[PDB]
């Protein structure tokens, strides 16, 4: 259960599609757009060619954090990488391994928890597209990274989680002992503090300490702002057991207004003690 070495050339089709109630989402197949968009996963060294199509009546773009791209796949109107209504375009993302440069220094690799979003809808910074749902996660794995049993994306988009109505989660289910990966992206105007009851993670790339010499803070509450992204893997219920473990923004008015969800951790027999919605 470990990521291999990257270096594969990959292609994928992506669509921008209008969704109900003024929303917009990215999808891998027509009519399957979602908010957040599909989880794109690569190994360091992989190339991704996204054959992009804009099914909408307004221009859209695709912009990505962290990964290597040339200025033609900027996803910006300034560098003419947006997609007119009905248009098509191939965005190219590349990734690289860490390595020692010629100058002696250490080149950082592409691995990490990243994301993509629109850059042209509403404003030339994608303010309207991000608000409508044009955002999604990208995970770039380093060779040897432990692979999880499940991955869940939580996006604090302004006062919402994944553009959902207040006090509607989302909820995620796991069994005690599962290796669960959380991808956490923030968008919009507000800062947040992400908090998980009964679980904690390392404030580093993978969310797990590398070993006894990793000085990274171990936290259960992280401040984050627009376009921040981080991730972590936890063992569900580790040292704490089954239950309906709350997660929420800890800004007090934000959790009061419904930026809350449940990490529903079950015993092997499928039971969650005390849970009563």
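Positions refer to the first chain, counted from 1.
Subject >> Of 257-265 and 12-20, the stretch whose C-alpha atoms average the higher B-factor in the entry >> reply: The stretch with the larger average C-alpha B-factor is 12-20.
Subject >> Stretch with the greater mean C-alpha B-factor as recorded in the entry, comparing 246-254 against 54-62 >> reply: Between 54-62 and 246-254, it is 54-62 that shows the higher mean C-alpha B-factor.
**OP:** Choose from 154, 159, 134, 83 the residue with the greatest Cα B-factor as stated in the PDB record.
**Re:** Within the set 154, 159, 134, 83, 83 shows the top C-alpha B-factor.
**OP:** Sort 89, 119, 164, 200 by C-alpha B-factor from the entry and give me just the highest.
**Re:** When the deposited C-alpha B-factors of 89, 119, 164, 200 are compared, 89 is largest.
**OP:** Check where residue 36 lands among this chain's C-alpha B-factors and tell me if it's the lowest, middle or highest third.
**Re:** Tercile = middle for this residue's CA B-factor.
**OP:** Would you mind checking where the Cα B-factor of residue 189 ranks among the modelled residues of its chain, as the lowest, middle or highest third?
**Re:** As the PDB entry reports it, the C-alpha B-factor of residue 189 lands in the lowest third of its chain.
Original post:
Against its chain's modelled residues, does residue 126's Cα B factor rank lowest, middle or highest third?
Top reply: CA B-factor rank for residue 126: lowest third.
Original post:
residue 147: which third of its chain by C-alpha temperature factor?
Top reply: Highest third.
Original post:
Split the chain's modelled residues into thirds by Cα B-factor; is residue 47 in the lowest, middle or highest one?
Top reply: Highest third of the chain for residue 47's C-alpha B-factor.
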